[PDB]
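Peer 1: Got a sequence here, can you build the structure:
(7 chains)
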Amino acid sequence: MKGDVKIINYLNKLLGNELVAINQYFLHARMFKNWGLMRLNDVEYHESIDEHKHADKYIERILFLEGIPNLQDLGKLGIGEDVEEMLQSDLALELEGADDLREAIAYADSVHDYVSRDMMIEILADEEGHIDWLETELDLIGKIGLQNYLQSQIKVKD
Amino acid sequence: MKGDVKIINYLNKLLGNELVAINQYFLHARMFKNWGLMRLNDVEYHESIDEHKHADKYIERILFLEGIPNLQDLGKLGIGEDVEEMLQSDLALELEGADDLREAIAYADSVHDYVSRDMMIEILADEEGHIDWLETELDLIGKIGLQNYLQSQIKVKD
Amino acid sequence: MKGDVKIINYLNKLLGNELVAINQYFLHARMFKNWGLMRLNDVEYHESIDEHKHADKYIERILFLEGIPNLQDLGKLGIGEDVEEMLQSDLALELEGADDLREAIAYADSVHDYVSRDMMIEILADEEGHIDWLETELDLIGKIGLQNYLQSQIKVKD
Amino acid sequence: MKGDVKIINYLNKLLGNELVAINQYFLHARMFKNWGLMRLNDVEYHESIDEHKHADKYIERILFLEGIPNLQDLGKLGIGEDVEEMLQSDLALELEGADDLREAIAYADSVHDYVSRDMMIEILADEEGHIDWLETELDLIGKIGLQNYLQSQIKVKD
Amino acid sequence: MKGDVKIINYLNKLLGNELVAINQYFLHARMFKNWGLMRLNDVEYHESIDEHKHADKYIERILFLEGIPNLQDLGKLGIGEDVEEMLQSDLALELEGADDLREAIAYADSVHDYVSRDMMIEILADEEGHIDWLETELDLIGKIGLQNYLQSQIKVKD
Amino acid sequence: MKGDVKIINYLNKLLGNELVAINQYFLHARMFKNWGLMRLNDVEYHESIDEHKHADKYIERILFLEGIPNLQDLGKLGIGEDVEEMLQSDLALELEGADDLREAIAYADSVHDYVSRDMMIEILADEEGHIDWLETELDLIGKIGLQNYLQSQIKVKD
Amino acid sequence: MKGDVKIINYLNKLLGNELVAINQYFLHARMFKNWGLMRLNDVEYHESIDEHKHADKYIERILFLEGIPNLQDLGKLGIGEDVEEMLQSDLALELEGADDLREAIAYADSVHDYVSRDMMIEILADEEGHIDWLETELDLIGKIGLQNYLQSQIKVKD
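Peer 2: Numbering: from 1, shown residues only, chains lettered A, B, ... in the order given. Here you go:
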């Protein structure tokens, strides 16, 4: 089904956001694992998987609309050297991406691509869930102190 | 544990090959899926997952050796426009990657990093499996013709 | 709960669309069955049941909003005589209905009937799923040939 | 228990036919597998195992008759280069073996070795089973054409 | 995948060794069975199957490397004439086979065929396991005497 | 099977390394247990059992190669008086043993004892896992402080 | 809880006895295994594990009493070359250890360390069980002959 040209541009821009986040969450997780912080490895690894599902949704939607998914252009990763800096970098990316989503969701409504809009609103709800988790972990670091914070990321999560 | 510097560079080279293969296999699968070729979607997607496991092994090895994994630089994808071109692109990529593995395996032996070598030999055996499958599929297109070959990619695989 | 008058007219229009698609998919299914193409019988019969579920939603929403559902006026069916015309007739009908849906969804937003809008977006997502299946089948006929295509519709689908 | 001298010669000849068939069927199976024809791999491999069961009966019978089984002299294999050539080679080998069995069965009756005869008649019934299968596969190639025939050897039989 | 020409020659030599050992172990097992030594029949028959697995590995690797497996030339069998002679012949054949493996494995590393090397090293480990069993049985004959040794081969093994 | 003289000397040296580790990890474990650090008792004891498994492989390999295992000469233990010192002593011993393994793996290749080499490469990957665990614990002491670190060694690990 | 100084010396002496018996029984077990005498491997390996449990008791009791367990000094092993010498070496070692135990038990009673005494009496009962097994086996060699004795150690024990 032939889709709106600018829609496919937005969808590719959003896909680009997800591709960065996949790699960044993935490296961050294995850095936590290498440091022995297995609880952070598990949550960050799962958020890597979650952005991969978002990428999948964007890719399949673009192909349906008869556009060309762009997996070639990788934006800038922000890795960071300790726990606080990694979580902060993930949080910066997530907000940047939420800002892009809000713009695409508004445009999708103006051209009546309501199914693309609905897909994006659901993805936006997922990313605001990641944002909530990231802000909460960062606040905990301040409240309980870095040594206590790291201590309780050693063993794994239910 | 401090690793050999040139070992870390090879590991990052081989990591970069897998990062390209993850994305190429991922897009190829969903193109197959969009065309209704569910058997090809299943196999190509599973090889994307399998290249992700290879990348995970490089990443974790690089960190253990106290190097820095490079997930930022993404090499050139070769997407291709129809089934035969896509399969041939994947094959070209797999042959380039086996070439790098053989050089890396030879070097790792010279500096006595026998665990990095054992890891890479296992990965090379996997990749020769992928090569075997691609060569076999490409030969079958010729043996039974494109229409028959595509027909039997419609329904899924056991 | 009294609803917007123009909303009830849009709902009845959309209901009219589903009523023709129920009948068209039903007859097409049994034509496929009569020809021994049981995989097409199964899929088309199932889409007939789906359009019946959509019609149910319209009927119940119209009665809730204290309007009168119109099941009397039946639009123009396009039956066709062979597989490729039957699928293309079904594709034309779905694109026309997606057109009407996009107009009703935009109007529902302007008079603040957000529940009717939400129900129509979910129906529009279903119809875009039907459109994808129809386009994909029609393309496979061109990719594998009509004789191969008909052959792989003989036996039934998982 | 002392066997008739010429009976042991006949058993060793028949044993030699089975040894050629084991190797020929074995290589043919793995050529089919290499080509992706998993159905042909499965059938030809089982027939290789069937001929091993026949060799086992000859070897055990020869030893019981206090002869010396000959597993040293291997006759001429006829491998063949494509599917039709390979099946025609197996058919020729099977018809040659049936010819030897009939002569041995007639002779066993004349010296009252009725147990060796009964064993050979069962084996001959097996080999006429293999001949039936090969003749049917060769005829199918003619009826449905080589491309369709190879296509339906891709996925596995039940 | 085009393999190294001298690799394929080594693979066919090693395959030749396995084909001799398949037959020798097979016949030896059934001679033990004929003598009522059921425990030796069981082990020797199992070792015949194991050498068949190794032959299968060589055949499939050669075809992958686009060579021609040689199942035609069968080297000399050394049957032997009582229990200890048969075991010594198996041992002599295994030591000859392990000698050839050592040379192929070294050559494979020089031409960077690391997967063929890995396969042969795993086969060599199996062969050193057979050698250990053979050496152990030979030593037992000398410690407990042939009458006691044969007695404990009558009933079967867990 | 007559083994290379030096190979047996390398294997007895590596066996010597394992025998000191068995005793050091054994004593360290029960010292942790006496201090109520049950998580560290659990892990260290397990590593003592793991080195005993390594010792077992060296002993069986040396006897198979017709050497004589030396279990008499016990090298210098480095017990240590507090947790950080004990872990650093284990780390030092593991790095010394890995150094010896690398020399022996190089030598074993030069004389074509590929099965001994394969065994020692597997052991070496196990010891690099032990090294990884030791380095991570020692870094965690730095990052969360000794008091917190000891605290989360009190209760046992999943 | 601070213990009697001479009690800790007795405990370390007794611990030294168990440390040599662990190694001697271990090597003897695998020598039996290398020779194919699996029933003797099983029994001797199990006694090695038993002496390891005794050593554990000594180590934990010494640490409880605030002494320093000595795992560094390893007494003189007597390995031997054949079954009857290996068993007789094991018997001499056990009788020497029973001697030391009897002395330590009498001393523990005089300084009122009744818990250390009770633990040593239970260990002494175990060692008298080992002595009984060794004397009984050695006597069977004389009653049934060495060739019969070795024969009935080939297969494993219930």
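
Peer 1: For the closest residue to residue A:73 other than its chain neighbours, what are phi and psi?
Peer 2: Counting by C-beta to C-beta, 6 or more residues apart in numbering or on different chains, residue A:16 is the residue found nearest to residue A:73 once chain neighbours are left out, at 6.2 Å. In this view, the C-beta of every residue, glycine as well, is placed from N, C-alpha and C. For residue A:16, the backbone dihedrals (degrees, to the nearest 10) come out as phi -60, psi -40.

Peer 1: Surely residue A:16 is in contact with residue A:76?
Peer 2: No. The pair residue A:16 / residue A:76 is not scored as a contact, 11.0 Å apart, by C-beta atoms under 8 Å.

Peer 1: which one of these two has more residues nearby?
Peer 2: Per other C-beta atoms under 10 Å in any protein chain shown, whichever of residue A:16 and residue A:76 has more neighbours is residue A:16, with 20 against 8.

Peer 1: At the contact with chain F, which residues of chain A appear?
Peer 2: Residues of chain A found near chain F (C-beta under 8 Å from any C-beta of the partner chain) are A:34, A:35, A:36, A:147, A:148, A:150, A:151, A:154, A:155, A:156.

Peer 1: how about the fourth one, what does it touch?
Peer 2: The neighbourhood of residue A:147, defined by C-beta atoms under 8 Å, 6 or more residues apart in numbering or on different chains, consists of F:143, F:144, F:145, F:148.

Peer 1: So which of these sit within helices?
Peer 2: F:143, F:144, F:148 (DSSP state H).

Peer 1: Show me what the strand or helix carrying residue A:30 is packed up against.
Peer 2: Assessed by DSSP states H and E, residue A:30 sits inside helix A:5-34. If you count contacts as 3 or more C-beta pairs under 8 Å, 6 or more residues apart in numbering or on different chains; DSSP states H and E, helix A:5-34 packs onto helix A:38-64, helix A:83-110, helix A:114-144, helix B:38-64.

Peer 1: These into CSV, with extra columns for mean neighbour count and distance to residue G:106?
Peer 2: Shown next, in CSV, are the helices and strands packed on helix A:5-34 (neighbours: other C-beta atoms under 10 Å in any protein chain shown; distance: least, C-beta to C-beta, whole Å):
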stretch, mean neighbour count, distance to residue G:106
helix A:38-64, 20, 53
helix A:83-110, 17, 61
helix A:114-144, 16, 58
helix B:38-64, 20, 55
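
Peer 1: Can I get those in a markdown table including distance to residue E:87?
Peer 2: Formatted as a markdown table, those follow (distance: least, C-beta to C-beta, whole Å):
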| stretch | distance to residue E:87 |
| --- | --- |
| helix A:38-64 | 53 |
| helix A:83-110 | 64 |
| helix A:114-144 | 68 |
| helix B:38-64 | 44 |
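
Peer 1: So which of those helices is nearest chain E?
Peer 2: In terms of C-beta to the nearest C-beta, the element of the helices and strands packed on helix A:5-34 nearest to chain E is helix B:38-64, at 15.1 Å.

Peer 1: What about contact with chain A: does that closest one have any residue there?
Peer 2: Yes. Applying C-beta under 8 Å from any C-beta, one finds helix B:38-64 touching chain A at B:56, B:59, B:60, B:63, B:64.

Peer 1: quick one: which of these is nearest residue C:80?
Peer 2: Nearest to residue C:80, judged by C-beta to C-beta, of those is residue B:56 at 52.4 Å.

Peer 1: Could I get the contacting residues of that closest one?
Peer 2: A:26, A:30.

Peer 1: what about it, distance to chain F?
Peer 2: The gap separating residue B:56 from chain F is 15 Å, by C-beta to the nearest C-beta, to the nearest Å.

Peer 1: Ok, residue A:123 next?
Peer 2: Counting by C-beta to the nearest C-beta, the gap from residue A:123 to chain F is 34 Å.

Peer 1: Also residue A:130?
Peer 2: Applying C-beta to the nearest C-beta, the value for residue A:130 to chain F is 25 Å.

Peer 1: ok, now residue A:121?
Peer 2: Distance of residue A:121 to chain F, computed by C-beta to the nearest C-beta: 39 Å.

Peer 1: Alongside chain C, which residues does chain A contribute?
Peer 2: So chain A meets chain C at A:1, A:64, A:112, A:114, A:115, A:118 (C-beta under 8 Å from any C-beta).

Peer 1: Save those residues as CSV, and put in distance to residue G:48 too.
Peer 2: Converted to CSV, those look like this (distance: C-beta to C-beta, whole Å):
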residue, distance to residue G:48
A:1, 74
A:64, 68
A:112, 80
A:114, 75
A:115, 71
A:118, 69
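
Peer 1: and the closest residue to residue A:54 other than its chain neighbours, how many neighbours does it have?
Peer 2: Leaving out its chain neighbours, the residue that sits closest to residue A:54 by C-beta to C-beta, 6+ apart is residue A:18, at 4.8 Å. Other residues near residue A:18 number 22, with proximity taken as other C-beta under 10 Å.

Peer 1: From residue A:125, how far off is residue A:18?
Peer 2: When distance is defined by C-beta to C-beta, to the nearest Å, residue A:18 is 15 Å away from residue A:125.

Peer 1: next one: residue A:134
Peer 2: Residue A:134 is 15 Å from residue A:125, by C-beta to C-beta.

Peer 1: before we move on, what about residue A:116?
Peer 2: Residue A:116 sits 15 Å away from residue A:125, going by C-beta to C-beta.

Peer 1: And for residue A:5?
Peer 2: According to C-beta to C-beta, residue A:5 and residue A:125 sit 27 Å apart.

Peer 1: Just say helix, strand or coil for residue A:66.
Peer 2: coil (DSSP: H, G, I helix; E, B strand; the rest coil).

Peer 1: Could you find the closest non-adjacent residue to it?
Peer 2: residue A:2 (5.5 Å).

Peer 1: Please save the CA atoms from stretch A:84-98 in CSV.
Peer 2: Backbone C-alpha positions of stretch A:84-98 (Å, rounded to 0.1, in the frame of the first residue of the first chain) are rendered in CSV as follows:
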residue,chain,number,x,y,z
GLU,A,84,25.8,7.0,36.6
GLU,A,85,27.1,8.3,33.2
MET,A,86,25.8,5.3,31.3
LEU,A,87,22.3,5.6,32.8
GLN,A,88,22.4,9.3,32.1
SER,A,89,23.4,8.7,28.5
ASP,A,90,20.5,6.2,28.0
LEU,A,91,18.2,8.8,29.5
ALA,A,92,19.4,11.5,27.1
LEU,A,93,18.8,9.2,24.1
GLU,A,94,15.3,8.2,25.3
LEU,A,95,14.2,11.8,25.7
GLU,A,96,15.6,12.8,22.3
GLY,A,97,13.7,9.8,20.8
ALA,A,98,10.5,10.7,22.6
